[PDB]
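If you're matching them up, the sequences are chains R, A and F in order. In terms of the entry's author numbering, the first sequence opens at residue 1 and continues consecutively. In terms of the entry's author numbering, the second sequence opens at residue 415 and continues consecutively. In terms of the entry's author numbering, the third sequence opens at residue 1 and continues consecutively. Even for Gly, the Cβ is constructed at its ideal location relative to N, Cα and C. What follows is a single structure, written as structure tokens, with notes after it.
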Amino acid sequence: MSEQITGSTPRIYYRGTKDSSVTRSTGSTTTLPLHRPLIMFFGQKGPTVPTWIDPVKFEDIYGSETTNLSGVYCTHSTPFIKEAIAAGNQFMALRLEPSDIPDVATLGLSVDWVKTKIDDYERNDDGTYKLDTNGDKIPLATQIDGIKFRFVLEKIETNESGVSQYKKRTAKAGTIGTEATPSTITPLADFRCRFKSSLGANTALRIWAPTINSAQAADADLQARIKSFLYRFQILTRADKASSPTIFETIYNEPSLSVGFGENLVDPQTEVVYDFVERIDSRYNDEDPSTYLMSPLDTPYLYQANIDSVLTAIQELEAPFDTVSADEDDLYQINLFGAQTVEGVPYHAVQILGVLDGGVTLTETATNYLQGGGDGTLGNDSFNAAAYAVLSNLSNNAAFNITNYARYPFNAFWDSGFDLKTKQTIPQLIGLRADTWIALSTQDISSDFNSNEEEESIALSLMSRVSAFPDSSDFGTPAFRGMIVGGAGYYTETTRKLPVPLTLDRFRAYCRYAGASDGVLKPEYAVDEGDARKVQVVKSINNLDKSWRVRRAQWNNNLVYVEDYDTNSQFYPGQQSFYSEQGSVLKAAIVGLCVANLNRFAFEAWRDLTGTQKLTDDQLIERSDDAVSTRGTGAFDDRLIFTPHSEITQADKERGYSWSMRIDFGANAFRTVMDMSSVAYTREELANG
Amino acid sequence: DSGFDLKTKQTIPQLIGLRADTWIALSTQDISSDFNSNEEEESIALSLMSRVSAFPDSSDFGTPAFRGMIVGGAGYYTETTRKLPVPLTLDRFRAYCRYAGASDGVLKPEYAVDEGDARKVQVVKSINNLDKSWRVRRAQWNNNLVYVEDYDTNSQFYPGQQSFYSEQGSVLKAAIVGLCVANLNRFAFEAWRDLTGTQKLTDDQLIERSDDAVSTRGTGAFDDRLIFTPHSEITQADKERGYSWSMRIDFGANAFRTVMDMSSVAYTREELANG
Amino acid sequence: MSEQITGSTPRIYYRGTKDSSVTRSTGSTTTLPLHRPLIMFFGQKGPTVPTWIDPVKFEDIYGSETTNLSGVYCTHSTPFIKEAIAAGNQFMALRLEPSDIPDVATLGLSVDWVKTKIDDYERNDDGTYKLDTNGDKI
């Protein structure tokens, strides 16, 4: 029940009954689908740069509280995250932070240390069982010289300039035994949180020193084989301030670790390494992209000089004494946190002050929480502020440059309801990149539902902004890669009342259609056939009684809007892009995404052919088209027909270092109007004649 | 516990700490003393619960212990002419001996300890404190004691026979399931005892034979109280060590409903007969 | 009689005898007949926009006083509503309102609050039973 697996002795060990534990889910190798959205959000942990992620790992990369609609991190993009996770799109995550986020949480360990005469107690036998007037016997020796300790665990204070002293603490004057000044506080170790969030303030740790009789019984033979006392270490985390902690297990499904002080504690019989920091940080983390988990704690630090000094002091004092080893190497055997050896014989001449005396009892039931930390100001307002801060500075951001095609394969951006000031920074994505696609919304989810006139004004304002980024700046072709969707409603997949725009519904449709990991459109999910042309995750849509003039004006301004299918549901009469000309090639908004993908295939061709010494012109020209056609054919489900042509023109002959490609494509449109008429006949001349 | 004094009662709970296939029944009565009152019952129950709380089922994760039960009450033995006081643990002991003691290791469906005539007291009479108040009964139930009530003017019955598991889990709420789990723990020992220390085995054969043994031994034995499944393997730590393998059993059970309502509506005879 | 269901303690609770209560009727999925009439009326409650309704639910969507011929809501269309309900036609209801209907009813709760000195009363024991000079004690 207590014994651990010391060695090979024949034995069956019983781990008690337990309740089921969450199992971390393995991931799969990533791929490029035809629909690759970028989603920005507030989160609990995880990296703070764009990351290509497989939905299986979102929960254990960014913490499972970021997707909870009733949590503190909910914003107008959490529904989008949840829909993407449900559908199974590998997508690009970007975790934002508020401008006022505090620093990480910390906890430093120290000891109040002094020397003085203390009392001595009885002993039954060589086992030294008696202490603290056990039985009925008064302490025996009048006064024995010894050492008094009082442990301390407290927040690591920062410098006057606002810089933490994580690595740079120093000793100070103590308070116990101030009758003699040499009473001093000396530090022993530091611990710090890995992320900037309340997870640090809710994380806790335990350290203790077990003996033969503990619940996890220790073994003297291993300590003899490698001379160092072994302490148990544990990490716990709670849900909120009022909940109770739960153990955070190592990557091998263990509840706690054994660690020790020393340079390198290698076990010849089993080659196990018992070093404190190395063992902790190797056993509690896993960076492999498929099995990914990072511990809440960062890498611990130890004050080797001070710990060694205190160990040497106690050895010098009481190592040459009755019931402890005096050898030179027992220094690291000395039990510091406890007051007894592994066998459980108390150290006389060493006194540790209890709780009532201002000390901290390091046992297996005490718990310690890191101090400080926090998330910052959360909500839609701060979310819009952060998103604007990212989007406005795209060409000179020092965090990431998103014109990097190879490193940021995102190709879509959906407007989830940003404010009208942030809305106008989105269109420039299709001006900065040639394989990008955007969906815009005319509703600011933080405000009231717009009326007909307000929707018209916002639509005109967005079209004016879009008109500044023509497709071909050389020839002024109007933009066609995207669409604008008007409307708003309420989310149906939740009991709470949560307004959302219809871009969420179209986002789900596209996730299901063009989200397959193999880069081929699924014919069963055609966004404009069967049941995929109806609204499915929004209810109580507004302005459903539009007049004919209003509907005609919206159509002629190129919005996408819904109508009533029956008394219960709505549908899209036609899903057109915001291309402004009369060409019928570029109307269906899906063709825009198809064209973006073609642009991507061209970049791949260049990437694969650039900078080769022994190629010839004909081989280069041939290989380019081979690559494009091979990558493109059979993917677009008959929405396009395309043909590439590479060559070396006169300008290429002049330059001597370039070749040219040109892709010709064609597509169709749809019909939307119907006539109806009737004529009345007699039954005889209608049935015959 | 057949009526040991309270000093000896407090050294028994350590059996479910020292062994992983043990099941204990405790009594809140000292047969050498006077029949206890309600307050003394409550005090002894709290003391025994405090003692039991020191031996969690899982020391690693602190699962509260669930192998056993506590039974309160006392009476007089009916199978003798003399006057011989006894606690109700005797009656439950007889019931369990009849139910789960067959020499062939399969539970008898005809003696279920909570169906038919086995859910009544049969070898004790003149039980005490049968006029408990509603508050007293509620307190005992919430403290996880097993107590009897009046069936009719002549006899008593057990409204519900639960274990001293203190959590909200409904899997571990019946006392018999604890005995079933103890038997599972025994089967695992048998598997090890059979497979240990063999030169010519392979890892796959070891893993397969462990599960085979546990499943073959357990299937068809528990009269449909449990459903369990074993899984043996060699984890990464086992790879590192080189002389160990792991087994893990998954099991499930049910519970029982205990509260009923009553309501009535008065109709005229015609509209009740047709309408 | 009194105590309510607090937990799982084995027990039987008696809710006394009662006189029957009206049971709300469950409705069925809507469909389109070949005859789909629109009917206007004054109603006790319910929405004030045209609504497609299954006749089983008229009484508990618009209150059961609207179909009463002797009530205050009787106009020259109540017979039409009653015939539709009797036949069983899903139809489109429109509840009109008079041009001078007042607003809704309201009730606010408040406390008159002050601090001062007051009297104190006897106590039998720690139970603090006595109040208002019960028994014979000032």
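Same chain only: Cβ atoms within 6 Å of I458 of chain A, ignoring 5 sequence neighbours per side: The residue you call residue 458 of chain A lines up with position 44 of the second sequence. Same-chain partners within the cutoff: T442.
Do you know how far the Cα of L586 of chain R is from the Cα of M463 of chain R? By one-based count along the first sequence, residue 463 of chain R stands at place 463. By one-based count along the first sequence, residue 586 of chain R stands at place 586. One C-alpha to the other measures close to 17 Å.
Stretch-stretch touch, CB-based, cutoff 8 Å, three pairs: the stretch 57-71 of chain R with the stretch 340-350 of chain R: Judged by pairs of C-beta atoms under 8 Å, the stretch 57-71 of chain R does not touch the stretch 340-350 of chain R, as fewer than three such pairs exist.
Using a Cβ-Cβ distance cut-off of 8 Å, determine whether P255 of chain R contacts chain A. Position 255 of the first sequence, counted from the first residue, corresponds to residue 255 of chain R. Yes, its Cβ sits closer than 8 Å to a Cβ of chain A.
Alpha carbon to alpha carbon, how far is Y14 of chain F from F418 of chain A? Position 14 of the third sequence holds residue 14 of chain F. Position 4 of the second sequence holds residue 418 of chain A. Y14 of chain F and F418 of chain A: Cα-Cα distance of roughly 42 Å.
Pick from A:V560, A:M661, A:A680 and A:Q576: whose alpha carbon is nearest that of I590 of chain A? To locate residue 590 of chain A, count along the second sequence from 1; it is residue 176. Comparing alpha carbon positions, the residue from A:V560, A:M661, A:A680 and A:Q576 closest to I590 of chain A is A:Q576.
Just to make sure I have the definition right: I need the residues of chain F whose C-beta is within less than 8 Å of the C-beta of residue 367 of chain A. Which are they? What is shown of chain A runs 415 to 689, which leaves residue 367 of chain A out entirely.
Can you tell me whether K546 of chain A is helix, strand or coil according to DSSP? Taking the second sequence and counting its residues from 1, the one referred to as residue 546 of chain A is at position 132. In the structure shown, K546 of chain A adopts coil according to DSSP, grouped into three states.
With 16 other Cβ atoms within 10 Å as the buried cut-off, status of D375 of chain R: Taking the first sequence and counting its residues from 1, one reaches residue 375 of chain R at position 375. It counts as buried.
Where does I12 of chain R fall in DSSP's three states? Residue 12 of chain R sits at position 12 when you count from the first residue of the first sequence. Note: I12 of chain R maps to coil in three-state DSSP.
Which residue's Cα is closest to the Cα of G7 of chain F: A:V520, A:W437, A:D675 and A:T436? For the purposes of this step, residue 7 of chain F is taken as the residue at position 7 of the third sequence. Among A:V520, A:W437, A:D675 and A:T436, the Cα nearest to that of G7 of chain F is on A:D675.
Have a look at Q428 of chain R and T26 of chain F and give me their C-alpha separation to the nearest angstrom. Position 428 of the first sequence, counting from 1, holds the residue named residue 428 of chain R. Position 26 of the third sequence, counting from 1, holds the residue named residue 26 of chain F. Going by C-alpha positions, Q428 of chain R is about 55 Å away from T26 of chain F.
Starting from residue 690 of chain A, find everything on chain F with Cβ-Cβ shorter than 8 Å and list it in chain order. Only positions 415 to 689 of chain A appear in the structure, and residue 690 of chain A is not among them; the question remains open.
Roughly how many angstroms lie between the CA atoms of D566 of chain R and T30 of chain F, to the nearest whole one? Your numbering for residue 566 of chain R matches position 566 in the first sequence. Your numbering for residue 30 of chain F matches position 30 in the third sequence. Whole-angstrom Cα-Cα distance: 11 Å.
Under 9 Å from the C-beta of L432 of chain A: neighbouring residues of chain B: Any reference to chain B falls outside this structure, whose protein chains are R, A and F.
Would you say the stretch 92-108 of chain R touches the stretch 146-156 of chain R, given that touching needs at least three Cβ pairs under 8 Å? Contact holds: three or more Cβ-Cβ distances are below 8 Å.
I'd like the span of the beta strand (DSSP E) that includes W52 of chain R, first residue to last. Position 52 of the first sequence holds residue 52 of chain R. From DSSP, the beta strand (DSSP E) with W52 of chain R extends over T51 to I53.
For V560 of chain R and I484 of chain R, believed in contact at Cβ under 8 Å, the rounded distance: Numbered from its first residue, the first sequence carries residue 484 of chain R at position 484. Numbered from its first residue, the first sequence carries residue 560 of chain R at position 560. With a Cβ gap of about 7 Å, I484 of chain R and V560 of chain R count as contacting.
At the 8 Å Cβ level, is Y14 of chain R part of the contact set with chain A, yes or no? For the purposes of this step, residue 14 of chain R is identified with residue 14 of the first sequence, where counting begins at 1. Contact of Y14 of chain R with chain A is assigned, a C-beta pair being separated by under 8 Å.
Are the stretch 643-653 of chain R and the stretch 661-681 of chain R touching by the rule of at least three beta carbon pairs closer than 8 Å? Remark: three or more beta-carbon pairs, one from each stretch, lie closer than 8 Å, so the stretch 643-653 of chain R and the stretch 661-681 of chain R are flagged as touching.
Quick check on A305 of chain R: does DSSP put it in helix, strand or coil? Taking the first residue of the first sequence as 1, we reach residue 305 of chain R at position 305. Of the three classes helix, strand and coil, the one that applies to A305 of chain R here is helix, per DSSP.
With the cut-off set at 8 Å, would you say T51 of chain R and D471 of chain A are in Cβ contact? Within the first sequence, numbered from 1, the residue matching residue 51 of chain R stands at position 51. Within the second sequence, numbered from 1, the residue matching residue 471 of chain A stands at position 57. Contact flag unset, no.
For a test of the three-state rule: what should DSSP assign to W555 of chain A, helix, strand or coil? Within the second sequence, the letter at position 141 stands for residue 555 of chain A. In the three-state DSSP reduction, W555 of chain A falls in the helix class (H, G or I).
Residue range of the alpha helix (DSSP H) that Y62 of chain R falls in? On the first sequence, residue 62 of chain R is found 62 positions in, with the first residue counted as 1. Unbroken alpha helix (DSSP H) run through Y62 of chain R: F58 to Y62.
Mind the definition here: the stretch 164-173 of chain R touches the stretch 263-273 of chain R only if three or more C-beta pairs lie below 8 Å; say whether that holds. Below 8 Å, too few C-beta pairs join the stretch 164-173 of chain R and the stretch 263-273 of chain R to call them touching: fewer than three.
Where DSSP assigns a beta bridge to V111 of chain R, which residues make up the other side? For the purposes of this step, residue 111 of chain R is identified with residue 111 of the first sequence, where counting begins at 1. Beta-bridge pairing links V111 of chain R to R:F151 and R:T186.
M676 of chain A: contacting residues in chain F (beta-carbon distance under 7 Å): Position 262 of the second sequence, counted from the first residue, corresponds to residue 676 of chain A. Simply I12, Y13, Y14 and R15.
Per DSSP, what are the beta-bridge partners of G489 of chain A in this structure? Along the second sequence, read from residue 1 onward, the residue named residue 489 of chain A stands at position 75. Among the bridge pairs identified by DSSP, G489 of chain A is matched with A:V500.
For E122 of chain F, which option in F:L131, F:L34 and F:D54 has the closest C-alpha, if you only look at C-alpha atoms? For this step, residue 122 of chain F is matched to residue 122 along the third sequence. Of the candidates F:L131, F:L34 and F:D54, the residue whose Cα lies closest to the Cα of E122 of chain F is F:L131.
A602 of chain A (DSSP reduced to helix, strand or coil): One-based indexing of the second sequence puts residue 602 of chain A at position 188. Three-state result, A602 of chain A: helix.
Evaluate the contact criterion for the stretch 303-316 of chain R versus the stretch 275-284 of chain R: three or more CB pairs, one atom per stretch, below 8 Å. With the cut-off at 8 Å, the stretch 303-316 of chain R and the stretch 275-284 of chain R do not touch.
Chain-ordered chain F contacts of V550 of chain A [CB-CB under 9 Å]: Position 136 of the second sequence, counted from the first residue, corresponds to residue 550 of chain A. Correct list: empty, because the minimum Cβ distance to chain F is about 11 Å.
Could you tell me which chain R residues have their CB closer than 8 Å to the CB of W606 of chain A, listed as they occur along the chain? For the purposes of this step, residue 606 of chain A is taken as residue 192 along the second sequence, with counting starting at 1. What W606 of chain A touches in chain R: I12.
Exposure label - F578 of chain R; buried when at least 16 CB within 10 Å: The residue labelled residue 578 of chain R in the question sits at position 578 within the first sequence. Classified as buried, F578 of chain R has 16 or more neighbouring CB atoms from the shown chains inside 10 Å of its CB.
Measure the beta-carbon distance from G592 of chain R to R481 of chain R and round it to whole angstroms, keeping in mind my assumption that it falls under 8 Å. Locating residue 592 of chain R in the first sequence gives position 592, counting from the first residue. Locating residue 481 of chain R in the first sequence gives position 481, counting from the first residue. Between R481 of chain R and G592 of chain R the Cβ distance is about 4 Å, and since that is below 8 Å, they are a contact.
By the three-class DSSP mapping on this structure, what secondary structure does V538 of chain A have? In the second sequence, counting from the first residue as 1, residue 538 of chain A sits at position 124. The answer is strand: DSSP assigns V538 of chain A an E or B state.
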